[PDB]
Amino acid sequence: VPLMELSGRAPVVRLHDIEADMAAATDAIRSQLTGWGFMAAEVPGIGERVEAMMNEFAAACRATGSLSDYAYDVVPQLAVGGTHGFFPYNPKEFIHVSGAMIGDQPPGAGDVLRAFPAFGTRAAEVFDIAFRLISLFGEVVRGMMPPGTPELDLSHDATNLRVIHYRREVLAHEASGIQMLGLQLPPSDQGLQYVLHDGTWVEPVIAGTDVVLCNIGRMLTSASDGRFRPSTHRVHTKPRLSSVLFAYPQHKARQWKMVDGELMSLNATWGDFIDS
Ligand SMILES: Nc1ncnc2c1ncn2[C@H]1C[C@H](O)[C@@H](COP(=O)(O)O)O1
């Protein structure tokens, strides 16, 4: 599977200059979505923050003073919404850090980030940078879409940072996101690959880099009435951590499509979109 070098080549977007640096990368990013399934940006300093987060997640996975004390089924959820907290092994381990969890929105939901406060501080930092980046990546996609295209309205409380441990050859079968957009963050190991428009595979060179990928999710495919296919991807590995931000709109908001240039408010909510 051909390797795709990105560090040195993707637009550069600086932590202290995100709004400006993303405006200046609009043209590049559009051409990526058009040329590849997906989009890419180099964010100098993101690598160090993501490696430190992931390393502290691993440590916490083996700690027993335990993450499973905050398994999804014992953490307060929101009435309507997705499910945040730790998902035990029996993606192998994995945690979902929502914006609600960061703000103790269901009071008691941020208790994992208080039990493991070093991973929590780093995960809250990574969430905030990744949400800013993903919302500006979505304004680029909206600008490639017909006039009248509404704002994506990505919700901070519904967005989740997934951090995975242990993800013997194929670690994923080909998959895409349910949600509007994903931000892939530089993983520990190489293996994540994307399908191109020609139906061939590339392996982004992203392990141990400052490169983030942005993924089209099936909600956006639906709202763009087919014009943007999901950024379908898989993971191959050779005898291990990873994290990705899944941006959702508010569950209770009405779905919408741009069909041949016309905006159509639908009956079903984005909530209903997930419940298949
Ligand atoms: N085992 C497992 N559980 C959950 N999500 C996974 C898993 N493997 C891959 N994914 C990812 C990839 C997609 O966005 C998304 C599907 O949402 P979903 O919540 O699955 O409808 O979750």
# chains A, B, ... in the order shown; residues from 1 in each chain; ligands from 1
call {"tool": "residues_near_ligand", "arguments": {"ligand": "ligand 1", "cutoff": "10 Å", "atoms": "only C-alpha atoms and all ligand atoms", "output": "number ranges by chain"}}
result
A: 82-83, 87, 91-94, 162, 167, 171-182, 215-218, 230-234, 244-247, 274-276
call {"tool": "write_last_selection", "arguments": {"atoms": "C-alpha atoms", "output": "tab-separated table (two decimals), in the first residue's frame"}}
result
chain	number	residue	atom	x	y	z
A	82	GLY	CA	-24.36	9.71	23.01
A	83	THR	CA	-22.53	7.75	25.72
A	87	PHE	CA	-15.50	1.24	27.40
A	91	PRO	CA	-11.10	-0.71	19.29
A	92	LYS	CA	-9.86	-2.81	22.27
A	93	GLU	CA	-9.98	-0.57	25.42
A	94	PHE	CA	-11.05	3.10	24.58
A	162	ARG	CA	-11.99	8.84	21.58
A	167	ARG	CA	-5.68	-0.33	18.28
A	171	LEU	CA	-7.15	-4.12	13.54
A	172	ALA	CA	-10.09	-2.60	11.51
A	173	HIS	CA	-12.25	-3.66	8.54
A	174	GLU	CA	-13.09	-0.72	6.24
A	175	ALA	CA	-15.21	1.88	8.16
A	176	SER	CA	-16.46	5.51	8.15
A	177	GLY	CA	-18.00	7.79	10.87
A	178	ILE	CA	-21.74	8.15	11.59
A	179	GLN	CA	-21.18	11.84	12.50
A	180	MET	CA	-20.57	15.16	10.59
A	181	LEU	CA	-16.68	15.13	10.74
A	182	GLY	CA	-13.78	13.31	12.44
A	215	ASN	CA	-12.70	12.83	7.81
A	216	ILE	CA	-16.09	13.28	6.09
A	217	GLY	CA	-18.73	11.44	8.17
A	218	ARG	CA	-22.02	9.95	6.93
A	230	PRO	CA	-17.39	9.38	3.77
A	231	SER	CA	-13.57	9.37	4.27
A	232	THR	CA	-13.63	5.54	4.42
A	233	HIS	CA	-10.45	4.13	6.10
A	234	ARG	CA	-9.06	0.95	7.77
A	244	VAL	CA	-9.82	10.96	17.01
A	245	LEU	CA	-12.42	13.68	17.62
A	246	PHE	CA	-16.00	12.82	16.47
A	247	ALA	CA	-17.94	16.11	15.87
A	274	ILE	CA	-27.82	7.74	14.58
A	275	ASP	CA	-30.71	5.36	15.64
A	276	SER	CA	-30.71	3.03	12.50
call {"tool": "select_by_dssp", "arguments": {"residues": "stretch 32-231 of chain A", "states": "strand (DSSP E)", "output": "count of residues only"}}
result
35
call {"tool": "residues_around", "arguments": {"residues": "residue A:97", "least_positions_apart": "3", "cutoff": "8 Å", "atoms": "only C-alpha atoms", "output": "PyMOL selection string"}}
result
chain A and resi 84-85+101-102+123+160-162
call {"tool": "closest_residue", "arguments": {"among": "A:77, A:263, A:144, A:137", "to": "residue A:21", "atoms": "only C-alpha atoms"}}
result
A:137
call {"tool": "select_by_dssp", "arguments": {"residues": "stretch 9-80 of chain A", "states": "helix (DSSP H, G or I)", "output": "NGL selection string"}}
result
:A and (15-23 or 26-35 or 46-61 or 67-70 or 72-74)
call {"tool": "closest_atom_pairs", "arguments": {"of": "stretch 54-146 of chain A", "to": "stretch 27-31 of chain A", "cutoff": "12 Å", "atoms": "only C-alpha atoms", "output": "tab-separated table"}}
result
residue	atom	partner	partner_atom	distance
A:136	CA	A:29	CA	10.7
A:137	CA	A:29	CA	8.0
A:138	CA	A:29	CA	10.5
A:139	CA	A:30	CA	10.7
A:140	CA	A:30	CA	6.9
A:141	CA	A:30	CA	7.2
A:142	CA	A:30	CA	10.3
A:143	CA	A:30	CA	9.0
A:144	CA	A:30	CA	7.2
A:145	CA	A:30	CA	10.7
call {"tool": "write_last_selection", "arguments": {"atoms": "N, CA and C atoms", "output": "short mmCIF file (atom, residue, chain, number, x, y, z; two decimals), in the first residue's frame"}}
result
data_model
loop_
_atom_site.label_atom_id
_atom_site.label_comp_id
_atom_site.auth_asym_id
_atom_site.auth_seq_id
_atom_site.Cartn_x
_atom_site.Cartn_y
_atom_site.Cartn_z
N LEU A 136 -13.54 24.82 11.69
CA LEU A 136 -13.03 25.66 10.57
C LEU A 136 -12.86 24.77 9.35
N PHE A 137 -12.59 23.49 9.55
CA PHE A 137 -12.53 22.53 8.43
C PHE A 137 -13.93 22.37 7.86
N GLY A 138 -14.95 22.46 8.71
CA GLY A 138 -16.34 22.31 8.26
C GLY A 138 -16.84 23.55 7.57
N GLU A 139 -16.30 24.71 7.92
CA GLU A 139 -16.67 25.95 7.21
C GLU A 139 -16.09 25.90 5.80
N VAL A 140 -14.96 25.22 5.64
CA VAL A 140 -14.37 25.04 4.28
C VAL A 140 -15.32 24.16 3.47
N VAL A 141 -15.75 23.03 4.02
CA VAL A 141 -16.67 22.11 3.30
C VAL A 141 -17.98 22.84 2.98
N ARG A 142 -18.50 23.63 3.91
CA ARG A 142 -19.75 24.39 3.70
C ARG A 142 -19.57 25.36 2.54
N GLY A 143 -18.38 25.92 2.39
CA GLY A 143 -18.11 26.90 1.32
C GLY A 143 -17.91 26.25 -0.02
N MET A 144 -17.69 24.94 -0.04
CA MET A 144 -17.61 24.22 -1.33
C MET A 144 -19.03 23.83 -1.70
N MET A 145 -19.95 23.93 -0.75
CA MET A 145 -21.35 23.50 -0.98
C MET A 145 -22.20 24.67 -1.48
#
call {"tool": "closest_residue", "arguments": {"among": "A:54, A:130, A:124, A:224", "to": "residue A:187", "atoms": "only C-alpha atoms"}}
result
A:54
call {"tool": "residues_around", "arguments": {"residues": "residue A:86", "least_positions_apart": "4", "cutoff": "12 Å", "atoms": "only C-alpha atoms", "output": "number ranges by chain"}}
result
A: 57, 60-61, 66-75, 91-98, 101, 109-113, 160-165
call {"tool": "write_last_selection", "arguments": {"atoms": "C-alpha atoms", "output": "PDB file, in the first residue's frame"}}
result
ATOM      1  CA  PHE A  57      -4.058   7.091  28.923  1.00  0.00           C
ATOM      2  CA  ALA A  60      -4.257   4.875  33.525  1.00  0.00           C
ATOM      3  CA  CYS A  61      -5.439   1.698  31.650  1.00  0.00           C
ATOM      4  CA  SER A  66      -9.489   2.113  37.956  1.00  0.00           C
ATOM      5  CA  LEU A  67     -10.736   3.533  34.613  1.00  0.00           C
ATOM      6  CA  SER A  68     -13.488   0.873  34.665  1.00  0.00           C
ATOM      7  CA  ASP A  69     -14.814   2.727  37.765  1.00  0.00           C
ATOM      8  CA  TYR A  70     -15.992   5.205  35.012  1.00  0.00           C
ATOM      9  CA  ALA A  71     -17.291   2.703  32.451  1.00  0.00           C
ATOM     10  CA  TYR A  72     -20.087   4.335  30.364  1.00  0.00           C
ATOM     11  CA  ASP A  73     -22.796   2.379  32.293  1.00  0.00           C
ATOM     12  CA  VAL A  74     -21.781   3.954  35.703  1.00  0.00           C
ATOM     13  CA  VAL A  75     -21.177   7.572  34.451  1.00  0.00           C
ATOM     14  CA  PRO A  91     -11.099  -0.714  19.287  1.00  0.00           C
ATOM     15  CA  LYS A  92      -9.858  -2.810  22.267  1.00  0.00           C
ATOM     16  CA  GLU A  93      -9.979  -0.569  25.422  1.00  0.00           C
ATOM     17  CA  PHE A  94     -11.046   3.095  24.584  1.00  0.00           C
ATOM     18  CA  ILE A  95     -12.549   6.150  26.384  1.00  0.00           C
ATOM     19  CA  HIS A  96     -15.017   8.787  25.074  1.00  0.00           C
ATOM     20  CA  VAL A  97     -14.365  12.300  26.501  1.00  0.00           C
ATOM     21  CA  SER A  98     -17.344  14.545  25.628  1.00  0.00           C
ATOM     22  CA  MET A 101     -17.792  15.470  30.557  1.00  0.00           C
ATOM     23  CA  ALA A 109     -19.362  13.008  34.507  1.00  0.00           C
ATOM     24  CA  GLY A 110     -15.993  14.753  34.944  1.00  0.00           C
ATOM     25  CA  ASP A 111     -15.079  12.448  37.854  1.00  0.00           C
ATOM     26  CA  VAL A 112     -12.799  10.341  35.556  1.00  0.00           C
ATOM     27  CA  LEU A 113     -10.897  13.534  34.661  1.00  0.00           C
ATOM     28  CA  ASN A 160     -16.314  13.160  21.750  1.00  0.00           C
ATOM     29  CA  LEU A 161     -12.550  12.580  21.900  1.00  0.00           C
ATOM     30  CA  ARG A 162     -11.990   8.839  21.576  1.00  0.00           C
ATOM     31  CA  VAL A 163      -8.596   7.611  22.912  1.00  0.00           C
ATOM     32  CA  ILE A 164      -7.958   3.887  22.148  1.00  0.00           C
ATOM     33  CA  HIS A 165      -5.489   1.340  23.592  1.00  0.00           C
TER      34      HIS A 165
END
call {"tool": "residues_around", "arguments": {"residues": "residue A:185", "least_positions_apart": "2", "cutoff": "12 Å", "atoms": "only C-alpha atoms", "output": "PyMOL selection string"}}
result
chain A and resi 40-43+45-51+53-54+123+126-127+129-131+133-134+161-164+182-183+187-189+192+204-215+241-246
call {"tool": "write_last_selection", "arguments": {"atoms": "C-alpha atoms", "output": "mmCIF file, in the first residue's frame"}}
result
data_model
loop_
_atom_site.group_PDB
_atom_site.id
_atom_site.type_symbol
_atom_site.label_atom_id
_atom_site.label_comp_id
_atom_site.auth_asym_id
_atom_site.auth_seq_id
_atom_site.Cartn_x
_atom_site.Cartn_y
_atom_site.Cartn_z
ATOM 1 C CA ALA A 40 -4.899 17.262 6.151
ATOM 2 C CA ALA A 41 -3.127 20.128 8.032
ATOM 3 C CA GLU A 42 0.221 20.293 9.884
ATOM 4 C CA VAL A 43 -0.203 21.780 13.415
ATOM 5 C CA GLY A 45 3.262 21.159 18.611
ATOM 6 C CA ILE A 46 0.136 18.883 18.336
ATOM 7 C CA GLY A 47 2.359 15.742 18.215
ATOM 8 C CA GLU A 48 3.915 16.295 21.692
ATOM 9 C CA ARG A 49 0.482 17.001 23.318
ATOM 10 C CA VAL A 50 -1.185 13.989 21.683
ATOM 11 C CA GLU A 51 1.728 11.564 22.515
ATOM 12 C CA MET A 53 -2.100 12.339 26.415
ATOM 13 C CA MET A 54 -1.959 8.867 24.832
ATOM 14 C CA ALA A 123 -7.445 15.423 26.829
ATOM 15 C CA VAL A 126 -6.521 18.253 22.762
ATOM 16 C CA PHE A 127 -10.374 18.420 22.590
ATOM 17 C CA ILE A 129 -7.682 22.498 19.765
ATOM 18 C CA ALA A 130 -9.350 19.724 17.729
ATOM 19 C CA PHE A 131 -12.856 21.291 18.005
ATOM 20 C CA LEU A 133 -9.720 22.958 13.936
ATOM 21 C CA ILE A 134 -12.736 20.738 12.951
ATOM 22 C CA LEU A 161 -12.550 12.580 21.900
ATOM 23 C CA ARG A 162 -11.990 8.839 21.576
ATOM 24 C CA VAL A 163 -8.596 7.611 22.912
ATOM 25 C CA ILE A 164 -7.958 3.887 22.148
ATOM 26 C CA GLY A 182 -13.780 13.309 12.441
ATOM 27 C CA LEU A 183 -10.281 14.668 13.244
ATOM 28 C CA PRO A 187 -1.249 8.014 16.339
ATOM 29 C CA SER A 188 1.566 5.986 17.989
ATOM 30 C CA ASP A 189 2.019 3.579 15.006
ATOM 31 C CA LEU A 192 -4.255 3.714 9.267
ATOM 32 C CA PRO A 204 -0.736 8.533 5.391
ATOM 33 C CA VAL A 205 2.617 9.075 7.138
ATOM 34 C CA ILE A 206 1.234 10.543 10.412
ATOM 35 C CA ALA A 207 2.686 8.385 13.281
ATOM 36 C CA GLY A 208 4.981 10.617 15.399
ATOM 37 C CA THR A 209 4.098 13.784 13.361
ATOM 38 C CA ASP A 210 2.163 17.074 13.809
ATOM 39 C CA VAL A 211 -0.288 16.119 10.987
ATOM 40 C CA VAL A 212 -4.080 15.854 11.621
ATOM 41 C CA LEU A 213 -6.521 14.338 9.036
ATOM 42 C CA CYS A 214 -10.128 15.557 8.772
ATOM 43 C CA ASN A 215 -12.703 12.830 7.811
ATOM 44 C CA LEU A 241 -2.618 3.927 20.745
ATOM 45 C CA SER A 242 -4.712 6.389 18.759
ATOM 46 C CA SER A 243 -7.226 9.232 19.275
ATOM 47 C CA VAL A 244 -9.817 10.957 17.009
ATOM 48 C CA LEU A 245 -12.416 13.684 17.616
ATOM 49 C CA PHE A 246 -15.998 12.820 16.467
#
call {"tool": "atom_distance", "arguments": {"atom1": "atom CA of residue A:200", "atom2": "atom CA of residue A:235"}}
result
14.5 Å
call {"tool": "residues_around", "arguments": {"residues": "residue A:262", "least_positions_apart": "4", "cutoff": "12 Å", "atoms": "only C-alpha atoms", "output": "PyMOL selection string"}}
result
chain A and resi 145-150+223-225+256-258
call {"tool": "write_last_selection", "arguments": {"atoms": "N, CA and C atoms", "output": "JSON list (two decimals), in the first residue's frame"}}
result
[["chain", "number", "residue", "atom", "x", "y", "z"],
["A", 145, "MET", "N", -19.95, 23.93, -0.75],
["A", 145, "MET", "CA", -21.35, 23.50, -0.98],
["A", 145, "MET", "C", -22.20, 24.67, -1.48],
["A", 146, "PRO", "N", -23.34, 24.42, -2.15],
["A", 146, "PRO", "CA", -24.18, 25.47, -2.71],
["A", 146, "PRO", "C", -24.55, 26.65, -1.82],
["A", 147, "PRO", "N", -24.76, 27.86, -2.38],
["A", 147, "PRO", "CA", -25.21, 29.00, -1.59],
["A", 147, "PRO", "C", -26.53, 28.67, -0.89],
["A", 148, "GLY", "N", -26.64, 29.05, 0.38],
["A", 148, "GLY", "CA", -27.84, 28.69, 1.15],
["A", 148, "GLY", "C", -27.55, 27.54, 2.09],
["A", 149, "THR", "N", -26.42, 26.86, 1.89],
["A", 149, "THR", "CA", -26.03, 25.75, 2.79],
["A", 149, "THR", "C", -25.97, 26.29, 4.21],
["A", 150, "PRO", "N", -26.73, 25.72, 5.16],
["A", 150, "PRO", "CA", -26.73, 26.20, 6.52],
["A", 150, "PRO", "C", -25.43, 25.90, 7.27],
["A", 223, "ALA", "N", -26.19, 15.38, 4.39],
["A", 223, "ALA", "CA", -26.55, 16.82, 4.28],
["A", 223, "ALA", "C", -26.10, 17.39, 2.93],
["A", 224, "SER", "N", -24.95, 16.94, 2.40],
["A", 224, "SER", "CA", -24.43, 17.31, 1.06],
["A", 224, "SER", "C", -25.04, 16.42, -0.02],
["A", 225, "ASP", "N", -26.14, 15.73, 0.31],
["A", 225, "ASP", "CA", -26.93, 14.85, -0.58],
["A", 225, "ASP", "C", -26.04, 14.04, -1.53],
["A", 256, "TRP", "N", -31.13, 18.13, 7.60],
["A", 256, "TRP", "CA", -31.30, 18.98, 6.40],
["A", 256, "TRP", "C", -30.44, 18.41, 5.28],
["A", 257, "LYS", "N", -30.85, 18.68, 4.04],
["A", 257, "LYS", "CA", -30.12, 18.30, 2.80],
["A", 257, "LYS", "C", -30.09, 19.50, 1.87],
["A", 258, "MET", "N", -28.99, 19.63, 1.13],
["A", 258, "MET", "CA", -28.91, 20.49, -0.08],
["A", 258, "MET", "C", -29.03, 19.57, -1.29]]
call {"tool": "closest_residue", "arguments": {"among": "A:248, A:158, A:152, A:115", "to": "residue A:64", "atoms": "only C-alpha atoms"}}
result
A:115
call {"tool": "closest_residue", "arguments": {"among": "A:100, A:13, A:79, A:6", "to": "residue A:202", "atoms": "only C-alpha atoms"}}
result
A:6
call {"tool": "closest_residue", "arguments": {"among": "A:251, A:114, A:236, A:122", "to": "residue A:193", "atoms": "only C-alpha atoms"}}
result
A:236
call {"tool": "residues_around", "arguments": {"residues": "residue A:203", "least_positions_apart": "5", "cutoff": "8 Å", "atoms": "only C-alpha atoms", "output": "PyMOL selection string"}}
result
chain A and resi 1-4+190-194
call {"tool": "write_last_selection", "arguments": {"atoms": "N, CA and C atoms", "output": "PDB file, in the first residue's frame"}}
result
ATOM      1  N   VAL A   1       0.871  -1.215   0.000  1.00  0.00           N
ATOM      2  CA  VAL A   1       0.000   0.000   0.000  1.00  0.00           C
ATOM      3  C   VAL A   1       0.891   1.243   0.000  1.00  0.00           C
ATOM      4  N   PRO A   2       0.824   2.085  -1.047  1.00  0.00           N
ATOM      5  CA  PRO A   2       1.639   3.282  -1.124  1.00  0.00           C
ATOM      6  C   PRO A   2       1.569   4.193   0.108  1.00  0.00           C
ATOM      7  N   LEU A   3       2.702   4.769   0.498  1.00  0.00           N
ATOM      8  CA  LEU A   3       2.749   5.691   1.656  1.00  0.00           C
ATOM      9  C   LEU A   3       2.522   7.117   1.159  1.00  0.00           C
ATOM     10  N   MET A   4       1.815   7.933   1.936  1.00  0.00           N
ATOM     11  CA  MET A   4       1.502   9.321   1.518  1.00  0.00           C
ATOM     12  C   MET A   4       2.164  10.304   2.485  1.00  0.00           C
ATOM     13  N   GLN A 190       2.049   3.454  12.594  1.00  0.00           N
ATOM     14  CA  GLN A 190       1.562   3.583  11.204  1.00  0.00           C
ATOM     15  C   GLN A 190       0.557   2.449  11.012  1.00  0.00           C
ATOM     16  N   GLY A 191      -0.317   2.551  10.020  1.00  0.00           N
ATOM     17  CA  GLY A 191      -1.238   1.450   9.705  1.00  0.00           C
ATOM     18  C   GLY A 191      -2.566   1.958   9.210  1.00  0.00           C
ATOM     19  N   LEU A 192      -2.987   3.122   9.685  1.00  0.00           N
ATOM     20  CA  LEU A 192      -4.255   3.714   9.267  1.00  0.00           C
ATOM     21  C   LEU A 192      -4.045   4.017   7.806  1.00  0.00           C
ATOM     22  N   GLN A 193      -4.983   3.596   6.954  1.00  0.00           N
ATOM     23  CA  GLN A 193      -4.984   3.812   5.479  1.00  0.00           C
ATOM     24  C   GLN A 193      -6.368   4.278   5.041  1.00  0.00           C
ATOM     25  N   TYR A 194      -6.389   4.994   3.934  1.00  0.00           N
ATOM     26  CA  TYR A 194      -7.571   5.636   3.346  1.00  0.00           C
ATOM     27  C   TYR A 194      -7.701   5.086   1.921  1.00  0.00           C
TER      28      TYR A 194
END
call {"tool": "atom_distance", "arguments": {"atom1": "atom CA of residue A:260", "atom2": "atom CA of residue A:222"}}
result
13.0 Å
call {"tool": "atom_distance", "arguments": {"atom1": "atom CA of residue A:229", "atom2": "atom CA of residue A:14"}}
result
28.5 Å
call {"tool": "decode", "arguments": {"residues": "stretch 58-121 of chain A", "atoms": "C-alpha atoms", "output": "short mmCIF file (atom, residue, chain, number, x, y, z; two decimals), in the first residue's frame"}}
result
data_model
loop_
_atom_site.label_atom_id
_atom_site.label_comp_id
_atom_site.auth_asym_id
_atom_site.auth_seq_id
_atom_site.Cartn_x
_atom_site.Cartn_y
_atom_site.Cartn_z
CA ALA A 58 -2.01 3.85 28.65
CA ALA A 59 -0.69 4.26 32.24
CA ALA A 60 -4.26 4.87 33.53
CA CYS A 61 -5.44 1.70 31.65
CA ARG A 62 -3.12 -0.34 33.93
CA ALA A 63 -3.85 1.63 37.14
CA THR A 64 -6.01 0.14 39.91
CA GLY A 65 -6.14 2.74 42.69
CA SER A 66 -9.49 2.11 37.96
CA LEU A 67 -10.74 3.53 34.61
CA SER A 68 -13.49 0.87 34.67
CA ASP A 69 -14.81 2.73 37.77
CA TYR A 70 -15.99 5.20 35.01
CA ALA A 71 -17.29 2.70 32.45
CA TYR A 72 -20.09 4.34 30.36
CA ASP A 73 -22.80 2.38 32.29
CA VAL A 74 -21.78 3.95 35.70
CA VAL A 75 -21.18 7.57 34.45
CA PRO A 76 -24.10 10.05 34.35
CA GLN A 77 -25.18 10.47 30.67
CA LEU A 78 -27.34 13.30 29.20
CA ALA A 79 -31.11 12.57 28.75
CA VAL A 80 -30.82 12.54 24.91
CA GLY A 81 -27.21 12.21 23.61
CA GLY A 82 -24.36 9.71 23.01
CA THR A 83 -22.53 7.75 25.72
CA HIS A 84 -19.29 9.12 27.28
CA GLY A 85 -16.93 7.35 29.72
CA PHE A 86 -14.67 4.26 29.53
CA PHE A 87 -15.50 1.24 27.40
CA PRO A 88 -13.71 -1.81 28.89
CA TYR A 89 -11.96 -4.47 26.73
CA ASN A 90 -14.27 -7.54 26.76
CA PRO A 91 -11.10 -0.71 19.29
CA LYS A 92 -9.86 -2.81 22.27
CA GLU A 93 -9.98 -0.57 25.42
CA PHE A 94 -11.05 3.10 24.58
CA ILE A 95 -12.55 6.15 26.38
CA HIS A 96 -15.02 8.79 25.07
CA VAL A 97 -14.36 12.30 26.50
CA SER A 98 -17.34 14.55 25.63
CA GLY A 99 -17.50 18.33 26.07
CA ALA A 100 -20.24 17.71 28.61
CA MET A 101 -17.79 15.47 30.56
CA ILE A 102 -15.20 18.32 30.47
CA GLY A 103 -17.80 20.72 31.94
CA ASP A 104 -19.30 18.16 34.40
CA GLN A 105 -22.52 18.91 32.48
CA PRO A 106 -24.23 15.77 33.86
CA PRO A 107 -22.74 16.50 37.36
CA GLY A 108 -20.37 13.58 38.15
CA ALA A 109 -19.36 13.01 34.51
CA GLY A 110 -15.99 14.75 34.94
CA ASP A 111 -15.08 12.45 37.85
CA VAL A 112 -12.80 10.34 35.56
CA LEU A 113 -10.90 13.53 34.66
CA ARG A 114 -10.56 14.19 38.43
CA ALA A 115 -9.44 10.58 39.13
CA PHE A 116 -6.90 10.80 36.29
CA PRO A 117 -6.23 14.58 36.14
CA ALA A 118 -3.01 14.51 34.05
CA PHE A 119 -4.66 12.63 31.16
CA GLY A 120 -7.77 14.78 31.72
CA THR A 121 -5.92 18.11 31.44
#
